[PDB]
Amino acid sequence: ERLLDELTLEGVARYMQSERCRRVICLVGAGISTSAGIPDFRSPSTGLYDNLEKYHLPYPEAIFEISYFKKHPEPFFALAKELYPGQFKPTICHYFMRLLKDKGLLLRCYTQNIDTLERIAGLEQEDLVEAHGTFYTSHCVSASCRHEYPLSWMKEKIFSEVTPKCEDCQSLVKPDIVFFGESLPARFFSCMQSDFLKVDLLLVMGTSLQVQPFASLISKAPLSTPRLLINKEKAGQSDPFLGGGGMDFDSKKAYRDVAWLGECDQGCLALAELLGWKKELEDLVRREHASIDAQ
Amino acid sequence: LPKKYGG
Ligand SMILES: [Zn+2]
């Protein structure tokens with residue numbers, strides 16, 4: 001006995017338009033922003049640790065560790081200038097999530113990304129759990145000050161190669177991303193404890209589910225809740241080495257998990273098409289892209 | 001609160 005009448009994208013679409021599916025949680029990772037030109041900052045193929053010789057770090061990872069950053073922030077900000085995107089244009093996937101919001105289906109979007117594209121696409125603070133923080137805002141690091149600065153201010157400092165200092169107290173100003181050694185956001189744990197009591201559908205897009213504790217969110221869904229993965233590669237299955245709550249797409253025991261393998265944009269397009277939303281999504285994307293291109 | 005690590 002299962003909520004999906006078949007373990008396919010078509011089964012998921014029929015379930016979404018049934019009275020049983022009211023509340024959708026999206027879990028998204030780097031795979032939803034690669035088509036916007038944003039690289040996967042956790043992939044070794046990105047080479048974040050490769051050309052740091054001129055910074056004389058005690059070890060490669062120090063560039064992203066909070067205690068090192070606070071005393072030697074220049075390497076991080078030099079790297080941030082080199083990797084700073086040329087444009088912030090959200091993808092079809094981001095705008096699919098905006099449509100979910102528009103239609104009253106979006107309970108929450110948990111994101112591993114720091115690129116701000118969920119916000120640009122129209123998800124509001126209350127819709128989002130930025131599990132690793134964001135570049136959208138930055139804060140003075142002094143506990144007694146904590147002056148907030150917008151991304152436009154931070155970008156100007158990064159591009160002029162001036163280490164960002166607080167105008168009120170002259171302390172370092174840090175983008176609101178979670179550095180290694182920093183606490184994960186309290187909001188991540190608070191929202192998880194409430195949201196997963198309420199979820200009817202998990203949409204997992206563009207994440208290989210390899211980074212904890214984000215990956216463990218799939219095990220927080222009720223046992224009946226269908227879980228759709230839209231991703232270039234299958235992910236989330238229990239590790240035959242390591243291994244509880246893993247994806248089961250393909251066994252005779254499979255009952256609720258569905259994998260659609262391909263580009264995230266094409267998967268969301270296909271799902272929107274099944275839902276009758278394709279024209280709405282095309283119109284939204286073309287309009288928002290036109291607006292961003294015209295800034 | 002749990003701190004951010006490699007894993
Ligand atoms: Zn300050």
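Chain letters run A, B, ... following the sequence lines, proteins first and then strands; every chain starts at 1. Whatever order the structure lists them in is the order used to number ligands and atoms, beginning at 1.
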Check: A:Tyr59 ring centre within less than 6.0 Å of A:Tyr68 ring centre
no
What residues form a side-chain contact (heavy atoms from CB on, under 4.5 Å) with A:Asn51, not counting sequence neighbours?
A:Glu53
Checked the Zn ion (ligand 1): protein N, O or S atoms closer than 2.8 Å come out as A:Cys140 SG, A:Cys145 SG, A:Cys166 SG, A:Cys169 SG
Is any side-chain heavy atom of A:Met154 less than 4.5 Å from a side-chain heavy atom of A:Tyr149?
no
Does A:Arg146 reach the side chain of A:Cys140, with side-chain heavy atoms less than 4.5 Å apart?
no
All side chain to side chain donor-acceptor pair (under 3.5 Å) counterparts of A:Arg23, not counting sequence neighbours
none
Quick one: side-chain contact (heavy atoms from CB on, under 4.5 Å) partners of A:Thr163, sequence neighbours excluded?
A:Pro73, A:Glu74, A:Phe77, A:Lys165, A:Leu172
